[PDB]
$ cat entry.txt   # compact mmCIF, C-alpha atoms
# COMPACT_ATOMS: atom_id res chain seq x y z
CA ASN A 166 -11.89 104.22 3.06
CA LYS A 167 -12.30 107.95 3.78
CA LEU A 168 -8.85 109.17 2.67
CA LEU A 169 -9.58 108.21 -0.93
CA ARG A 170 -11.93 111.22 -1.19
CA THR A 171 -10.36 113.75 1.17
CA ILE A 172 -8.36 116.92 0.64
CA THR A 173 -5.69 117.34 3.32
CA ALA A 174 -5.62 120.44 5.49
CA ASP A 175 -3.40 123.10 3.92
CA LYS A 176 -3.47 121.67 0.43
CA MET A 177 -2.80 124.69 -1.77
CA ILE A 178 -5.54 124.96 -4.37
CA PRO A 179 -4.19 127.45 -6.92
CA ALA A 180 -6.79 129.72 -8.47
CA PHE A 181 -7.10 133.07 -10.22
CA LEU A 182 -9.85 135.65 -9.70
CA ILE A 183 -12.36 136.23 -12.50
CA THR A 184 -14.08 138.96 -10.46
CA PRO A 185 -12.33 141.83 -8.65
CA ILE A 186 -12.54 142.51 -4.90
CA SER A 187 -13.12 146.22 -4.03
CA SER A 188 -12.56 147.49 -0.44
CA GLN A 189 -15.69 149.66 -0.21
CA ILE A 190 -18.30 147.29 -1.72
CA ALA A 191 -18.81 144.01 0.13
CA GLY A 192 -19.84 141.50 -2.55
CA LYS A 193 -19.32 138.29 -4.54
CA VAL A 194 -16.11 136.83 -5.99
CA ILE A 195 -15.51 134.09 -8.54
CA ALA A 196 -12.22 132.22 -8.81
CA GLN A 197 -11.06 129.49 -11.19
CA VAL A 198 -9.02 126.48 -10.11
CA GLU A 199 -5.76 126.17 -12.10
CA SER A 200 -5.08 122.43 -11.84
CA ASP A 201 -6.63 119.11 -10.83
CA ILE A 202 -6.83 118.61 -7.07
CA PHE A 203 -6.29 114.96 -6.11
CA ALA A 204 -7.54 113.20 -2.99
CA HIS A 205 -4.80 112.62 -0.39
CA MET A 206 -4.80 108.90 -1.26
CA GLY A 207 -5.73 107.23 -4.54
CA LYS A 208 -6.28 108.87 -7.93
CA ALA A 209 -9.66 110.57 -7.57
CA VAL A 210 -9.74 114.13 -8.93
CA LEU A 211 -11.91 115.85 -6.32
CA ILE A 212 -11.62 119.40 -7.71
CA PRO A 213 -11.07 119.34 -11.50
CA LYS A 214 -8.95 121.94 -13.24
CA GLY A 215 -11.18 124.76 -14.46
CA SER A 216 -13.76 124.56 -11.66
CA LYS A 217 -15.31 127.84 -10.61
CA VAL A 218 -15.17 128.69 -6.90
CA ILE A 219 -17.86 131.06 -5.69
CA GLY A 220 -17.20 133.16 -2.61
CA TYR A 221 -18.58 136.11 -0.69
CA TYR A 222 -16.38 138.83 0.73
CA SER A 223 -16.58 141.81 3.05
CA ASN A 224 -14.17 144.46 4.21
CA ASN A 225 -13.94 145.24 7.91
CA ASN A 226 -11.42 147.67 9.32
CA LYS A 227 -10.29 149.69 12.37
CA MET A 228 -9.55 152.87 10.31
CA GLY A 229 -6.61 152.17 7.96
CA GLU A 230 -6.04 148.61 9.31
CA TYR A 231 -7.24 146.38 6.41
CA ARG A 232 -9.51 143.37 7.00
CA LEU A 233 -10.88 141.15 4.20
CA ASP A 234 -12.88 137.99 4.81
CA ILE A 235 -13.70 135.63 2.00
CA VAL A 236 -16.07 132.75 2.59
CA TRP A 237 -15.75 130.25 -0.21
CA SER A 238 -19.24 128.80 -0.35
CA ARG A 239 -19.38 126.47 -3.35
CA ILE A 240 -17.34 124.93 -6.15
CA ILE A 241 -18.85 124.20 -9.56
CA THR A 242 -16.96 121.62 -11.63
CA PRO A 243 -16.72 122.02 -15.43
CA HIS A 244 -19.19 119.14 -15.79
CA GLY A 245 -21.55 121.02 -13.48
CA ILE A 246 -21.51 119.10 -10.19
CA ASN A 247 -22.05 121.47 -7.27
CA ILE A 248 -19.83 121.08 -4.23
CA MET A 249 -21.26 122.82 -1.15
CA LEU A 250 -18.88 124.27 1.41
CA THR A 251 -21.25 126.72 3.15
CA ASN A 252 -24.96 127.27 2.33
CA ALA A 253 -27.24 130.26 1.60
CA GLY A 263 -24.85 142.98 4.44
CA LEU A 264 -25.25 139.32 3.38
CA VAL A 265 -21.82 137.73 4.28
CA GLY A 266 -21.99 137.84 8.10
CA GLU A 267 -24.68 135.13 8.25
CA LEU A 268 -22.33 132.66 6.53
CA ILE A 269 -19.52 133.14 9.08
CA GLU A 270 -22.16 132.44 11.76
CA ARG A 271 -23.07 129.12 10.11
CA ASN A 272 -19.33 128.21 10.27
CA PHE A 273 -18.84 129.84 13.74
CA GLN A 274 -21.37 127.36 15.10
CA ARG A 275 -21.24 124.35 12.82
CA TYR A 276 -17.44 124.25 13.40
CA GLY A 277 -16.29 126.95 15.85
CA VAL A 278 -13.73 128.08 13.21
CA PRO A 279 -14.73 131.38 11.50
CA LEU A 280 -13.42 130.39 8.04
CA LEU A 281 -13.18 126.89 6.64
CA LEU A 282 -10.92 127.95 3.76
CA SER A 283 -8.07 130.46 3.90
CA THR A 284 -7.17 132.67 0.97
CA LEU A 285 -3.43 133.05 0.38
CA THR A 286 -1.33 135.02 -2.14
CA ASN A 287 -0.04 133.61 -5.32
CA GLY A 288 0.50 137.08 -6.75
CA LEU A 289 -2.27 139.58 -6.10
CA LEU A 290 -2.74 142.56 -8.40
CA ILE A 291 -3.34 145.27 -5.80
CA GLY A 292 -4.48 148.83 -6.57
CA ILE A 293 -4.31 151.09 -3.57
CA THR A 294 -5.86 154.63 -3.78
CA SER A 295 -6.65 157.10 -0.95
CA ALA A 296 -10.25 158.46 -0.72
CA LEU A 297 -9.27 162.17 -0.37
CA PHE A 310 -4.29 175.96 3.80
CA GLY A 311 -7.74 176.46 5.44
CA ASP A 312 -9.28 173.30 6.94
CA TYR A 313 -5.88 173.06 8.69
CA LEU A 314 -6.00 176.85 9.53
CA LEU A 315 -9.50 177.18 10.99
CA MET A 316 -8.71 174.29 13.31
CA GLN A 317 -5.72 176.08 14.77
CA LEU A 318 -7.48 179.39 15.21
CA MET A 319 -10.61 177.95 16.78
CA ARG A 320 -9.77 174.61 18.46
CA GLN A 321 -5.95 174.47 18.90
CA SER A 322 -4.40 177.93 19.44
CA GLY A 323 -1.39 177.73 21.71
CA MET A 324 -0.65 174.12 20.80
CA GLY A 325 2.98 173.42 19.79
CA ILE A 326 4.06 173.06 16.17
CA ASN A 327 4.94 169.39 16.20
CA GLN A 328 1.61 168.67 17.79
CA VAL A 329 -0.84 170.33 15.39
CA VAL A 330 0.87 168.84 12.34
CA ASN A 331 1.18 165.35 13.81
CA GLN A 332 -2.48 165.82 14.66
CA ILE A 333 -3.19 166.54 10.98
CA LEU A 334 -1.18 163.56 9.77
CA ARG A 335 -2.29 160.94 12.23
CA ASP A 336 -5.72 162.39 11.48
CA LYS A 337 -5.12 161.77 7.74
CA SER A 338 -5.10 158.06 8.50
CA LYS A 339 -8.54 157.35 9.97
CA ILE A 340 -9.94 157.53 6.48
CA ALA A 341 -9.41 153.98 5.17
CA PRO A 342 -7.69 153.71 1.75
CA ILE A 343 -9.60 152.20 -1.21
CA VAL A 344 -7.95 148.81 -1.87
CA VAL A 345 -8.83 146.81 -4.95
CA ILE A 346 -7.64 143.30 -5.69
CA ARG A 347 -7.97 143.17 -9.49
CA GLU A 348 -9.34 140.26 -11.46
CA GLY A 349 -6.49 138.06 -12.68
CA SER A 350 -5.01 138.07 -9.19
CA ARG A 351 -3.49 134.72 -8.34
CA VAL A 352 -4.43 133.00 -5.11
CA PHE A 353 -4.08 129.83 -3.05
CA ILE A 354 -7.30 128.51 -1.53
CA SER A 355 -6.34 126.44 1.52
CA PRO A 356 -8.56 124.19 3.65
CA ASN A 357 -8.19 124.82 7.36
CA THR A 358 -9.31 121.23 7.94
CA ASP A 359 -9.46 117.99 6.03
CA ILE A 360 -12.48 118.13 3.72
CA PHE A 361 -14.27 114.92 2.81
CA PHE A 362 -16.12 114.85 -0.51
CA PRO A 363 -18.99 112.32 -0.61
CA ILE A 364 -19.80 110.66 -3.93
CA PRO A 365 -22.00 113.10 -5.88
CA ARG A 366 -25.73 112.39 -5.96
CA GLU A 367 -27.77 114.22 -8.64
CA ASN A 368 -24.94 116.71 -9.34
CA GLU A 369 -24.56 117.58 -5.65
CA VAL A 370 -21.80 117.12 -3.08
CA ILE A 371 -22.25 118.31 0.47
CA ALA A 372 -18.66 118.52 1.75
CA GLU A 373 -17.74 117.40 5.27
CA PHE A 374 -15.14 119.16 7.39
CA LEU A 375 -13.52 116.66 9.78
CA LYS A 376 -12.61 119.27 12.43
CA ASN B 166 15.76 194.80 40.81
CA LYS B 167 15.83 191.70 38.55
CA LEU B 168 12.11 191.44 37.58
CA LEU B 169 12.33 194.97 36.02
CA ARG B 170 14.15 193.37 33.08
CA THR B 171 12.78 189.84 32.97
CA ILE B 172 10.36 188.02 30.73
CA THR B 173 8.27 185.52 32.65
CA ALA B 174 8.23 181.87 31.62
CA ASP B 175 5.42 181.18 29.12
CA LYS B 176 4.98 184.77 28.04
CA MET B 177 3.56 184.44 24.56
CA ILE B 178 5.66 186.46 22.15
CA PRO B 179 3.55 186.66 19.00
CA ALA B 180 5.49 186.59 15.74
CA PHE B 181 5.04 185.80 12.07
CA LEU B 182 7.50 183.91 9.86
CA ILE B 183 9.34 185.85 7.16
CA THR B 184 11.08 182.69 5.98
CA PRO B 185 9.42 179.32 5.30
CA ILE B 186 10.27 176.06 7.09
CA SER B 187 10.54 173.06 4.69
CA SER B 188 10.56 169.46 6.09
CA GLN B 189 13.38 168.12 3.88
CA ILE B 190 15.91 170.98 4.17
CA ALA B 191 17.16 171.73 7.69
CA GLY B 192 17.96 175.47 7.67
CA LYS B 193 17.42 179.01 9.00
CA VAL B 194 14.18 180.82 9.92
CA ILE B 195 13.43 184.48 10.52
CA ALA B 196 10.36 185.66 12.44
CA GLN B 197 9.15 189.15 13.28
CA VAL B 198 7.73 190.13 16.67
CA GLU B 199 4.21 191.54 16.42
CA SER B 200 4.03 193.78 19.52
CA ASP B 201 6.12 195.23 22.34
CA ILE B 202 7.16 192.74 25.00
CA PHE B 203 7.26 194.31 28.46
CA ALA B 204 9.27 193.12 31.44
CA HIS B 205 7.20 191.32 34.09
CA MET B 206 7.44 194.38 36.35
CA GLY B 207 7.84 198.05 35.37
CA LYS B 208 7.55 199.60 31.91
CA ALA B 209 10.71 198.49 30.12
CA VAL B 210 10.11 197.20 26.60
CA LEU B 211 12.55 194.27 26.44
CA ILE B 212 11.56 193.02 22.97
CA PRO B 213 10.28 195.91 20.79
CA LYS B 214 7.59 195.40 18.18
CA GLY B 215 9.18 194.69 14.82
CA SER B 216 12.26 192.88 16.14
CA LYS B 217 13.59 190.07 14.00
CA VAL B 218 14.06 186.68 15.68
CA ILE B 219 16.64 184.44 14.08
CA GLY B 220 16.33 180.68 14.50
CA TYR B 221 17.73 177.43 13.13
CA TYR B 222 15.54 174.45 12.47
CA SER B 223 15.81 170.76 11.64
CA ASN B 224 13.37 167.96 10.91
CA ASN B 225 14.18 164.80 12.88
CA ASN B 226 12.10 162.27 10.93
CA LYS B 227 11.67 159.14 13.09
CA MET B 228 9.72 158.62 9.90
CA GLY B 229 5.99 158.28 9.65
CA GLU B 230 6.13 160.73 12.57
CA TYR B 231 7.18 164.35 12.08
CA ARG B 232 9.56 166.23 14.39
CA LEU B 233 10.60 169.88 14.05
CA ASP B 234 13.06 171.59 16.34
CA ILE B 235 13.58 175.33 16.26
CA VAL B 236 16.37 176.90 18.30
CA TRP B 237 15.78 180.61 18.52
CA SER B 238 19.33 181.94 18.77
CA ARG B 239 19.12 185.73 18.61
CA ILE B 240 16.76 188.70 18.50
CA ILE B 241 17.65 191.89 16.60
CA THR B 242 15.72 194.98 17.69
CA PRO B 243 14.69 197.59 15.10
CA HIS B 244 17.37 199.91 16.50
CA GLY B 245 19.87 197.10 15.98
CA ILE B 246 20.71 195.87 19.47
CA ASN B 247 21.54 192.16 19.41
CA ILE B 248 20.04 189.93 22.07
CA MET B 249 21.83 186.56 22.32
CA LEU B 250 19.83 183.49 23.30
CA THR B 251 22.18 180.75 22.03
CA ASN B 252 25.58 181.28 20.30
CA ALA B 253 27.55 179.70 17.36
CA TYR B 261 23.07 172.99 9.65
CA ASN B 262 21.41 169.77 10.90
CA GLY B 263 24.40 168.99 13.06
CA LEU B 264 24.40 172.61 14.27
CA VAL B 265 20.82 172.36 15.60
CA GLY B 266 21.84 169.09 17.25
CA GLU B 267 24.78 170.66 19.09
CA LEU B 268 22.79 173.73 20.06
CA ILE B 269 20.22 171.42 21.63
CA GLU B 270 23.01 169.45 23.31
CA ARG B 271 24.70 172.65 24.57
CA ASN B 272 21.35 173.87 25.87
CA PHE B 273 20.83 170.57 27.69
CA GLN B 274 24.36 170.45 29.10
CA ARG B 275 23.98 173.80 30.86
CA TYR B 276 20.29 174.18 31.68
CA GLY B 277 19.14 170.58 31.56
CA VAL B 278 16.63 171.66 28.90
CA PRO B 279 16.87 170.93 25.13
CA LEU B 280 15.10 174.10 24.01
CA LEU B 281 15.00 177.40 25.86
CA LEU B 282 12.09 178.77 23.79
CA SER B 283 9.09 176.82 22.56
CA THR B 284 7.35 177.57 19.27
CA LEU B 285 3.56 177.47 19.44
CA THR B 286 0.80 177.95 16.86
CA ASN B 287 -0.89 181.19 16.21
CA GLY B 288 -2.18 179.97 12.85
CA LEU B 289 0.33 178.06 10.75
CA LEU B 290 -0.01 177.95 6.98
CA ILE B 291 0.77 174.29 6.41
CA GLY B 292 1.26 172.67 3.01
CA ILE B 293 1.61 168.87 2.86
CA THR B 294 2.26 167.26 -0.52
CA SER B 295 2.91 163.47 -0.68
CA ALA B 296 5.88 161.08 -1.36
CA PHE B 310 -0.65 146.53 -9.52
CA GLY B 311 2.58 145.98 -11.51
CA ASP B 312 4.81 147.06 -8.59
CA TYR B 313 3.52 145.58 -5.23
CA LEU B 314 3.13 142.17 -6.97
CA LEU B 315 6.89 141.47 -7.22
CA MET B 316 7.53 141.04 -3.49
CA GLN B 317 4.62 138.58 -3.25
CA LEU B 318 6.37 136.24 -5.67
CA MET B 319 9.88 137.09 -4.37
CA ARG B 320 9.44 136.58 -0.64
CA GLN B 321 5.77 136.37 0.44
CA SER B 322 4.68 133.30 -1.52
CA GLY B 323 2.43 131.41 0.94
CA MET B 324 0.96 134.32 2.95
CA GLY B 325 -2.44 135.64 4.08
CA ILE B 326 -4.08 138.37 2.02
CA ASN B 327 -4.86 140.57 5.00
CA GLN B 328 -1.24 139.86 5.87
CA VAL B 329 0.09 141.25 2.57
CA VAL B 330 -2.27 144.25 2.26
CA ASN B 331 -1.66 145.36 5.87
CA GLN B 332 2.11 145.04 5.33
CA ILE B 333 2.07 147.06 2.09
CA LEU B 334 -0.12 149.70 3.83
CA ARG B 335 2.05 149.91 6.98
CA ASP B 336 5.13 150.25 4.75
CA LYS B 337 3.24 153.16 3.15
CA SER B 338 3.25 155.37 6.27
CA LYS B 339 6.95 154.42 6.73
CA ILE B 340 8.12 157.26 4.48
CA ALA B 341 6.87 160.72 5.64
CA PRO B 342 5.29 163.50 3.57
CA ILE B 343 6.95 166.76 2.75
CA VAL B 344 5.65 169.34 5.18
CA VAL B 345 6.11 173.03 4.59
CA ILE B 346 5.23 175.77 7.03
CA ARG B 347 4.83 178.79 4.71
CA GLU B 348 6.11 182.26 5.41
CA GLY B 349 3.34 184.40 6.90
CA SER B 350 2.60 181.64 9.36
CA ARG B 351 1.71 183.05 12.74
CA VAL B 352 3.47 181.80 15.84
CA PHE B 353 3.91 182.25 19.61
CA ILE B 354 7.48 182.14 20.83
CA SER B 355 7.42 181.10 24.49
CA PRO B 356 10.27 181.07 27.01
CA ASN B 357 10.59 177.84 28.94
CA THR B 358 12.20 179.81 31.74
CA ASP B 359 12.37 183.32 33.00
CA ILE B 360 14.79 185.24 30.79
CA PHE B 361 16.74 188.14 32.26
CA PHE B 362 17.90 190.85 29.87
CA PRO B 363 20.96 192.78 31.10
CA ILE B 364 21.27 196.44 30.07
CA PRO B 365 22.76 196.52 26.55
CA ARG B 366 26.47 197.31 26.25
CA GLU B 367 27.69 198.34 22.77
CA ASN B 368 24.53 197.01 21.07
CA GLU B 369 24.78 193.62 22.77
CA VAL B 370 22.65 191.77 25.33
CA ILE B 371 23.65 188.33 26.53
CA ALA B 372 20.39 186.95 27.94
CA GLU B 373 20.33 184.93 31.19
CA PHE B 374 18.01 181.98 31.71
CA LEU B 375 17.18 181.65 35.42
CA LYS B 376 16.50 177.88 35.30
$ encode --input "entry.txt" --output "C-alpha cells"
Amino acid sequence: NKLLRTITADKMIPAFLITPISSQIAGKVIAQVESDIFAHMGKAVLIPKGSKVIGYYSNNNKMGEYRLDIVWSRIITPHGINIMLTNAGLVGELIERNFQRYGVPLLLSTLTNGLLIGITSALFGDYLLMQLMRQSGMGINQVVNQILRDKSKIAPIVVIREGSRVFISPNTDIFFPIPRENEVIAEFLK
Amino acid sequence: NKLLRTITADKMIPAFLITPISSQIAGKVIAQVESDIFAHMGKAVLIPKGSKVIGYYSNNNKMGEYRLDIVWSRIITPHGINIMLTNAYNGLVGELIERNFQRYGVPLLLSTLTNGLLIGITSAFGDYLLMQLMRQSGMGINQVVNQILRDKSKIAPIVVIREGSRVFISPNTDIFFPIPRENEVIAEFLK
C-alpha cells in the first residue's frame, strides 16, 4: 500500500547547488540530489541520485533581517521523469498555490549541509551636514548611535554560492504515484 | 549675591576639541572655549574665551552599541586660574562618575553636546562554513544567515571624533564659581 512509495516527513534529501542564490535578485535555483532516496517502506528509489531539483527563490527582509524563501517546484530524474511538487516578481504566486492547496507556506524546507556564504555590504560630511542642520544640540552618544543604527537599514548583499551543500526536507509525507508518460504529480498527505 | 557668579544649568559653552577622542583607547581630551561665558546675572566673565577645558573619556562598549563618557574635570583660563570641576584611565573615569553620583546623585556634572563633530568610523565562504558543519548541521538557512549577520553587529566599529570637532559643554546644574584664591576656584554645583 501507500507507504511503499512515500517519503517520510523530515527525510533529509542531501543536495548541492548548481546555481547560486544572490540576495538582491529573486530568481531560479537548481540543486542536485547526492544519493538515492528510498521510500519509507520497500526498496523503491523515489528520488534517484543525480536528479536535478528546480526551485524558485526570493529575498524578503525588514532592513538587515535576512529572509530567503525557496519553493522547490519540480524534480527531474536522470532518466527524465518529471516529478511535480508545485506548478507554474514570479515566486509569490507559487507560495499562494501552497498557502491554499495546503495551508502551509512551504512544502519543502531547505536546511544547511555547509553553505558557502559571501556577505558584502552595499555601501566627514554626510555625517557633518546632518549635525549642523538637523541635530545641533544633540548629545554625542546620540548622533553617533544614530549614524550606526542608521548604517543598518541598508540590507547587506548575501550570496549563497554554487557548490553550497543543503538538505531538502519535506514538511509532510509526500506520496509519489507511479509515473505515467514521464510525469509524477506528487501528493502531500497533510 | 550668588547669581552674580553662577552659570545657569544648560548654558551652552561652545568649544572645539584640540585632542581627538578614539573609541578603543580611553584617555584624556582637551577642548578650548570659543567665547566669554557670563554669569547669569551681572557682567562677570566666569569662563573667558580661550580657556582650556580638560576632560577624561572612556568608551563603555556594551558592544554593537557605542557609549562615550566625558568627565570634564578642570578649566584653565588664559591667565592661568584653575577652575576645579572634579578632582583626582578607564577605571579613573569610572570612579569619577561614581564619586559624582555619590555626592550629587548625578553621574556627569557636564554634558557634551554636538556643535558639529568630525566623526571617522572605520570597520572591524571559507570561514563561515566551518561552524555549519561543527555545530549547526541540521538548521534552517534563514536561521544560519540571520545568526551570522547578528553576530556581525556584535563587535563594534572603531569610532574616532577628530580634533577640530565642535562641541557644546553644558552644565547639568547651576555651577557657582567662588572668587579665585591663589589662582584656584573650587566650583560648587547647587544640585
$ interface_residues --input "entry.txt" --of "chain B" --to "chain A" --cutoff "10 Å" --atoms "only C-alpha atoms" --output "JSON, numbers by chain"
{"B": [177, 229, 230, 231, 232, 233, 234, 235, 283, 284, 285, 286, 287, 288, 289, 290, 291, 292, 293, 310, 311, 312, 313, 314, 315, 316, 317, 318, 319, 321, 322, 323, 324, 325, 326, 327, 328, 329, 330, 331, 332, 333, 334, 335, 338, 341, 342, 344, 346, 347, 350, 352, 353, 354, 355]}
$ closest_residue --input "entry.txt" --among "B:245, B:203, B:273, B:171" --to "residue B:218" --atoms "only C-alpha atoms"
B:245
$ residues_around --input "entry.txt" --residues "residue B:264" --least-positions-apart "2" --cutoff "10 Å" --atoms "all atoms listed in the file" --output "NGL selection string"
:B and (191-192 or 221-223 or 236 or 253 or 261-262 or 266-270)
$ residues_around --input "entry.txt" --residues "residue B:200" --least-positions-apart "2" --cutoff "7 Å" --atoms "only C-alpha atoms" --output "MDAnalysis selection string"
chainID B and resid 198 202 213:214
$ residues_around --input "entry.txt" --residues "residue B:361" --least-positions-apart "3" --cutoff "7 Å" --atoms "only C-alpha atoms" --output "VMD selection string"
chain B and resid 170 to 172 372 to 374
$ residues_around --input "entry.txt" --residues "residue A:221" --least-positions-apart "2" --cutoff "12 Å" --atoms "all atoms listed in the file" --output "compact mmCIF listing (two decimals) with C-alpha atoms, in the coordinates of the input"
# COMPACT_ATOMS: atom_id res chain seq x y z
CA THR A 184 -14.08 138.96 -10.46
CA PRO A 185 -12.33 141.83 -8.65
CA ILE A 186 -12.54 142.51 -4.90
CA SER A 187 -13.12 146.22 -4.03
CA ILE A 190 -18.30 147.29 -1.72
CA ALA A 191 -18.81 144.01 0.13
CA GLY A 192 -19.84 141.50 -2.55
CA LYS A 193 -19.32 138.29 -4.54
CA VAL A 194 -16.11 136.83 -5.99
CA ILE A 195 -15.51 134.09 -8.54
CA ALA A 196 -12.22 132.22 -8.81
CA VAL A 218 -15.17 128.69 -6.90
CA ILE A 219 -17.86 131.06 -5.69
CA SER A 223 -16.58 141.81 3.05
CA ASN A 224 -14.17 144.46 4.21
CA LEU A 233 -10.88 141.15 4.20
CA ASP A 234 -12.88 137.99 4.81
CA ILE A 235 -13.70 135.63 2.00
CA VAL A 236 -16.07 132.75 2.59
CA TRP A 237 -15.75 130.25 -0.21
CA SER A 238 -19.24 128.80 -0.35
CA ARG A 239 -19.38 126.47 -3.35
CA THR A 251 -21.25 126.72 3.15
CA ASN A 252 -24.96 127.27 2.33
CA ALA A 253 -27.24 130.26 1.60
CA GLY A 263 -24.85 142.98 4.44
CA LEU A 264 -25.25 139.32 3.38
CA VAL A 265 -21.82 137.73 4.28
CA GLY A 266 -21.99 137.84 8.10
CA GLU A 267 -24.68 135.13 8.25
CA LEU A 268 -22.33 132.66 6.53
CA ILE A 269 -19.52 133.14 9.08
CA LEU A 280 -13.42 130.39 8.04
$ atom_distance --input "entry.txt" --atom1 "atom CA of residue A:373" --atom2 "atom CA of residue A:276"
10.6 Å
$ residues_around --input "entry.txt" --residues "residue A:210" --least-positions-apart "4" --cutoff "12 Å" --atoms "all atoms listed in the file" --output "PyMOL selection string"
chain A and resi 169-172+200-206+214+216+242+362+364
$ write_last_selection --input "entry.txt" --atoms "C-alpha atoms" --output "PDB file, in the coordinates of the input"
ATOM      1  CA  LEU A 169      -9.580 108.210  -0.930  1.00  0.00           C
ATOM      2  CA  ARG A 170     -11.930 111.220  -1.190  1.00  0.00           C
ATOM      3  CA  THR A 171     -10.360 113.750   1.170  1.00  0.00           C
ATOM      4  CA  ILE A 172      -8.360 116.920   0.640  1.00  0.00           C
ATOM      5  CA  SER A 200      -5.080 122.430 -11.840  1.00  0.00           C
ATOM      6  CA  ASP A 201      -6.630 119.110 -10.830  1.00  0.00           C
ATOM      7  CA  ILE A 202      -6.830 118.610  -7.070  1.00  0.00           C
ATOM      8  CA  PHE A 203      -6.290 114.960  -6.110  1.00  0.00           C
ATOM      9  CA  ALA A 204      -7.540 113.200  -2.990  1.00  0.00           C
ATOM     10  CA  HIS A 205      -4.800 112.620  -0.390  1.00  0.00           C
ATOM     11  CA  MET A 206      -4.800 108.900  -1.260  1.00  0.00           C
ATOM     12  CA  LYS A 214      -8.950 121.940 -13.240  1.00  0.00           C
ATOM     13  CA  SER A 216     -13.760 124.560 -11.660  1.00  0.00           C
ATOM     14  CA  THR A 242     -16.960 121.620 -11.630  1.00  0.00           C
ATOM     15  CA  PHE A 362     -16.120 114.850  -0.510  1.00  0.00           C
ATOM     16  CA  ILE A 364     -19.800 110.660  -3.930  1.00  0.00           C
TER      17      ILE A 364
END
$ decode --input "entry.txt" --residues "stretch 217-230 of chain B" --atoms "N, CA, C and O atoms" --output "PDB file, in the first residue's frame"
ATOM      1  N   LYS B 217      41.162  76.583  28.310  1.00  0.00           N
ATOM      2  CA  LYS B 217      41.259  75.174  28.027  1.00  0.00           C
ATOM      3  C   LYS B 217      40.344  74.431  28.994  1.00  0.00           C
ATOM      4  O   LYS B 217      40.281  74.777  30.172  1.00  0.00           O
ATOM      5  N   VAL B 218      39.614  73.435  28.491  1.00  0.00           N
ATOM      6  CA  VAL B 218      38.859  72.522  29.355  1.00  0.00           C
ATOM      7  C   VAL B 218      39.491  71.153  29.277  1.00  0.00           C
ATOM      8  O   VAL B 218      39.664  70.605  28.188  1.00  0.00           O
ATOM      9  N   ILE B 219      39.850  70.605  30.425  1.00  0.00           N
ATOM     10  CA  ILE B 219      40.496  69.301  30.454  1.00  0.00           C
ATOM     11  C   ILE B 219      39.502  68.253  30.920  1.00  0.00           C
ATOM     12  O   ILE B 219      38.880  68.394  31.979  1.00  0.00           O
ATOM     13  N   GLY B 220      39.348  67.209  30.110  1.00  0.00           N
ATOM     14  CA  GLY B 220      38.456  66.099  30.417  1.00  0.00           C
ATOM     15  C   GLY B 220      39.102  64.728  30.273  1.00  0.00           C
ATOM     16  O   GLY B 220      40.178  64.594  29.694  1.00  0.00           O
ATOM     17  N   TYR B 221      38.431  63.710  30.811  1.00  0.00           N
ATOM     18  CA  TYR B 221      38.869  62.336  30.686  1.00  0.00           C
ATOM     19  C   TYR B 221      37.712  61.543  30.158  1.00  0.00           C
ATOM     20  O   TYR B 221      36.591  61.735  30.584  1.00  0.00           O
ATOM     21  N   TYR B 222      37.986  60.668  29.206  1.00  0.00           N
ATOM     22  CA  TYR B 222      36.937  59.966  28.498  1.00  0.00           C
ATOM     23  C   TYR B 222      37.185  58.468  28.474  1.00  0.00           C
ATOM     24  O   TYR B 222      38.340  58.021  28.486  1.00  0.00           O
ATOM     25  N   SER B 223      36.094  57.698  28.428  1.00  0.00           N
ATOM     26  CA  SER B 223      36.164  56.264  28.179  1.00  0.00           C
ATOM     27  C   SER B 223      35.020  55.815  27.278  1.00  0.00           C
ATOM     28  O   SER B 223      33.946  56.425  27.262  1.00  0.00           O
ATOM     29  N   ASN B 224      35.267  54.749  26.524  1.00  0.00           N
ATOM     30  CA  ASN B 224      34.233  54.106  25.750  1.00  0.00           C
ATOM     31  C   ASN B 224      33.794  52.856  26.488  1.00  0.00           C
ATOM     32  O   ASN B 224      34.612  52.026  26.857  1.00  0.00           O
ATOM     33  N   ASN B 225      32.502  52.796  26.809  1.00  0.00           N
ATOM     34  CA  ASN B 225      31.899  51.669  27.529  1.00  0.00           C
ATOM     35  C   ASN B 225      31.088  50.820  26.544  1.00  0.00           C
ATOM     36  O   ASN B 225      29.848  50.815  26.559  1.00  0.00           O
ATOM     37  N   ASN B 226      31.801  50.113  25.677  1.00  0.00           N
ATOM     38  CA  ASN B 226      31.169  49.259  24.676  1.00  0.00           C
ATOM     39  C   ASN B 226      30.358  48.070  25.249  1.00  0.00           C
ATOM     40  O   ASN B 226      30.894  46.965  25.416  1.00  0.00           O
ATOM     41  N   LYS B 227      29.079  48.308  25.572  1.00  0.00           N
ATOM     42  CA  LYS B 227      28.050  47.234  25.564  1.00  0.00           C
ATOM     43  C   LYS B 227      27.835  46.942  24.075  1.00  0.00           C
ATOM     44  O   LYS B 227      26.879  47.447  23.451  1.00  0.00           O
ATOM     45  N   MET B 228      28.748  46.130  23.526  1.00  0.00           N
ATOM     46  CA  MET B 228      29.135  46.208  22.100  1.00  0.00           C
ATOM     47  C   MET B 228      28.044  45.885  21.059  1.00  0.00           C
ATOM     48  O   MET B 228      27.039  45.208  21.358  1.00  0.00           O
ATOM     49  N   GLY B 229      28.268  46.391  19.843  1.00  0.00           N
ATOM     50  CA  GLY B 229      27.178  46.768  18.947  1.00  0.00           C
ATOM     51  C   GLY B 229      26.922  48.248  19.194  1.00  0.00           C
ATOM     52  O   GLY B 229      27.291  49.100  18.369  1.00  0.00           O
ATOM     53  N   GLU B 230      26.321  48.543  20.352  1.00  0.00           N
ATOM     54  CA  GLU B 230      26.122  49.918  20.816  1.00  0.00           C
ATOM     55  C   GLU B 230      27.422  50.609  21.239  1.00  0.00           C
ATOM     56  O   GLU B 230      28.380  49.966  21.688  1.00  0.00           O
TER      57      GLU B 230
END
